[PDB]
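Next up is one chain by itself, shown in structure tokens, the form deposited in one PDB entry.
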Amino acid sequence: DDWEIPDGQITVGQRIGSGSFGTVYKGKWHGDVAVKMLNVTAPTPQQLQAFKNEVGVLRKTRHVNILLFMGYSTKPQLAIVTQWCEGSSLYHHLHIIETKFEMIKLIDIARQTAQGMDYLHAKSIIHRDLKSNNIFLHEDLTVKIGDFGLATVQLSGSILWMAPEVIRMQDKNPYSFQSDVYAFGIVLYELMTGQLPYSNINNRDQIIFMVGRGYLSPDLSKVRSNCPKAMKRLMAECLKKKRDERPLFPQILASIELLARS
């Protein structure tokens, strides 16, 4: 099929996000759309490649818990168009406006996140940068997973969600389904405490050193009292320092659905 969108069709509006490599606007196209542009007028074969790669991954996705890809264009600027998300990222709710969700709602958000991630892995897609920033609460109800970073091509990294093996860079490719399961383990942490790991350490190099060497791990005792035992237990299995000791999403998704019904 053809997901190309001729120029002219989209009416670009308010700018909503600026980054090193590309800018995102709100747009008009048979309704509301989000449009991530490139801005750089002359694209190097470097960027023209990563464009194809991203699009290629997106068009493989058809799930309610994954940001809905809608089209792209190359006409004047490289651009990718997606469903328009009304609301805020989970990060925003949790650590910026500190929205207080009910325990039932928190568990729900976890389940939807698992669903999407199950789907992504089933389609052979390793996210590599799961984190509360990349989880949108569409209309404060539906979880949409995406990649909303306007930087990385490695760039920086938010190392809070990074698994010990990724922090340690042995092997060219340390990323795996379990490394994604670890990031998710951190997301659970955020949900069940309302906090970011290692809030009390102000040195990024030491967190990296200590996490990778095994000396440091999220303070599990900060989990709210009303948080179900089955949940904490699952959360702990996801954050195991040893890769092959972590569960995969079918098993995780099962565990969440099971503990949700009580």
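C-alpha atoms forming the largest set that superposes within 1.5 Å between two forms make up the rigid core. Position 1 is the first residue in the sequence shown; the rest follow in order.
Asker: For residue 13, do at least a third of the other compared PDB entries give no atomic coordinates?
Answerer: Result for residue 13: never missing in the compared entries.
Asker: Going by the PDB record, how many residues of the deposited sequence fall between residue 104 and residue 105 without any coordinates: none, 1 to 3, 4 to 9, or 10 or more?
Answerer: In the deposited sequence, nothing is left without coordinates between these two.
Asker: Looking only at CA atoms, which has the higher mean B factor in the entry: 34-42 or 66-74?
Answerer: Averaging CA B-factors over each stretch, the winner is 34-42.
Asker: Please compare 76-84 with 159-167 and say which has the higher mean C-alpha temperature factor in the record.
Answerer: Mean B over CA atoms: larger for 76-84.
Asker: Please pick out which of 203, 61, 200, 49 has the largest Cα B-factor as recorded in the entry.
Answerer: It is 49.
Asker: Highest recorded C-alpha temperature factor, please, choosing from 97, 187, 153, 181.
Answerer: In the PDB entry, the greatest C-alpha B-factor among 97, 187, 153, 181 is found at 153.
Asker: Lowest, middle or highest third: where is residue 235 by C-alpha B factor in its chain?
Answerer: For residue 235, whose C-alpha B-factor we compare with every modelled residue in the chain, the answer is the middle third.
Asker: Mind checking which third residue 28 falls in for C-alpha B-factor across the chain?
Answerer: Tercile = lowest for this residue's CA B-factor.
Asker: Is the Cα B-factor recorded for residue 174 in the lowest, middle or highest third of its chain?
Answerer: Top third by C-alpha B-factor.
Asker: Determine, from the deposited record, the chain-internal third of the Cα B-factor for residue 108: lowest, middle or highest.
Answerer: For residue 108, the deposited C-alpha B-factor lands in the middle third.
Asker: Please rank the C-alpha B-factors of the chain's modelled residues and tell me whether residue 228 sits in the lowest, middle or highest third.
Answerer: Answer is highest: the recorded C-alpha B-factor places it there.
Not on display, but discussed next: the form deposited with a partner chain bound.
Asker: With its partner chain left out of view, which of 226, 221, 202, 53 would have a heavy atom within 4.5 Å of it in the bound PDB entry?
Answerer: The residue from 226, 221, 202, 53 that makes the contact is 202.
Asker: Should residue 98 be counted as a contact of its partner chain in the bound PDB entry, where contact means heavy atoms within 4.5 Å?
Answerer: Close contact exists here: in the bound PDB entry, residue 98 approaches its partner chain to within 4.5 Å, heavy atoms only.
Asker: Would residue 133 count as a contact of its partner chain in the bound PDB entry, using a 4.5 angstroms cut-off between non-hydrogen atoms?
Answerer: Looking in the bound PDB entry, residue contacts with its partner chain include residue 133, since a heavy atom lies within 4.5 Å.
Asker: Is residue 79 close enough to touch its partner chain in the bound PDB entry, meaning at least one heavy atom pair within 4.5 Å?
Answerer: No, residue 79 sits far enough from its partner chain in the bound PDB entry that none of its heavy atoms falls within 4.5 Å.
Asker: Any of the heavy atoms of residue 75 lying within 4.5 Å of its partner chain in the bound PDB entry?
Answerer: So residue 75 does not count as contacting its partner chain.
Asker: For the list 199, 226, 41, 221, which one shows a CA move of 2 Å or more between the shown form and the other one after the core is fit?
Answerer: Everything else stays below 2 Å; the exception is 41.
Asker: I want to check residue 171: does it shift between the shown form and the other one by 2 Å or more at the Cα, with the core superposed?
Answerer: Moves: yes, 2 Å or greater.
Asker: Taking the rigid core as the frame, does residue 148 move its C-alpha by 2 Å or more between the shown form and the other one?
Answerer: Yes; that C-alpha moves by at least 2 Å between the shown form and the other one.
Asker: Residue 124 and residue 148: their C-alpha distance differs by 3 angstroms or more in the bound PDB entry. Do they come closer or move farther apart compared with the shown form?
Answerer: Here the pair is farther apart than in the bound PDB entry; there, closer.
Asker: Relative to what we see here, could you say if residue 200 and residue 148 have their Cα atoms closer or farther apart in the bound PDB entry, with a change of 3 Å or more?
Answerer: Farther apart in the bound PDB entry, by 3 Å or more.
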